[PDB]
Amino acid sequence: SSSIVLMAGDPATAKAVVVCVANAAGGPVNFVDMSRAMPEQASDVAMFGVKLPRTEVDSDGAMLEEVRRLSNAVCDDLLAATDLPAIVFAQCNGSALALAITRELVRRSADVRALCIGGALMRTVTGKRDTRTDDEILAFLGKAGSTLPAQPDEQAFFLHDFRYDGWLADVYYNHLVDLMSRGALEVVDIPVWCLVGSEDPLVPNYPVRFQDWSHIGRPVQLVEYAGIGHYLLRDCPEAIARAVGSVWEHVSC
């Protein structure tokens, strides 16, 4: 019934915690390999994965309400589990919920010290809804290098969850763009790391656009993973665990 799951370390002995939001259509399972690397690459950091219930909602307003509910539930469970300094991690579309979680942690005066986002850039314009067909999505994801299920059952579940996560992230970022249009989005004094595979085709012009994360927090740091595409949790999970360890090192004081 908890919104989070302990995947590595032990909060009774750790020096910090990282709470992790999965890529589109993903969940804690997508972090298994990364978690297995944490004791070696990030010894002092315990790791929680966020469960994505994909609560049914009937409007953009209800989706935003759901983002708030889910982020609040994650903060509830995290702070109930640990007082340790916290790093928030997200891959790709999970960035939306990660931002919400980070902002709520800041609102609660929790000891949140960094935001680390893989394979995503800040959105500064109202987005476009996804009207592609299922075959169009699968062709696009295949070209981008995604892993895709072969069983039609798994394909249907994947496409449902992918469409849901894209809707959630579009609604949340559109909300942030609205706030920014009124000067109502406060930058938080939380450093931001943007981790990008140099061959990632979904973050165009990231060497310049990564700095847009400064609408969220500051300072902003870019780290490039040469030879890697968009799927950092699949193709260099040890490197991302190490990235979390490095963040902790940077914010440990």
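Position 1 is the first residue in the sequence shown; the rest follow in order.
Chemist: Averaging CA B factors per stretch from the PDB record, which one is higher: 67-75 or 89-97?
Modeler: So the stretch with the higher mean C-alpha B-factor is 67-75.
Chemist: Output the stretch having the higher mean C-alpha B factor in the entry; the candidates are 221-229 and 41-49.
Modeler: That would be 41-49.
Chemist: Based on what the PDB entry reports, which of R123, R103, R182, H175 has the top C-alpha B-factor?
Modeler: Highest CA B-factor of the listed options: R182.
Chemist: Highest Cα B-factor in the PDB entry belongs to which of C194, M34, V188, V203?
Modeler: In this record, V188 carries the highest C-alpha B-factor of the candidates.
Chemist: Report the third (lowest, middle or highest) to which the CA temperature factor of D83 belongs, ranking only the modelled residues of the same chain.
Modeler: Highest third, going by the recorded CA B-factors of the chain.
Chemist: When the deposited Cα B-factors of this chain's modelled residues are ordered and cut into thirds, is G142 in the lowest, the middle or the highest one?
Modeler: Middle third by C-alpha B-factor.
Chemist: What third of its chain's C-alpha B-factors does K128 belong to: lowest, middle or highest?
Modeler: It falls in the top third of the chain.
Chemist: Report the third (lowest, middle or highest) to which the CA temperature factor of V18 belongs, ranking only the modelled residues of the same chain.
Modeler: Answer is middle: the recorded C-alpha B-factor places it there.
Chemist: If you rank the chain by CA B-factor, which third does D212 end up in: lowest, middle or highest?
Modeler: Within its chain, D212 is a lowest-third residue by C-alpha B-factor, going by the deposited values.
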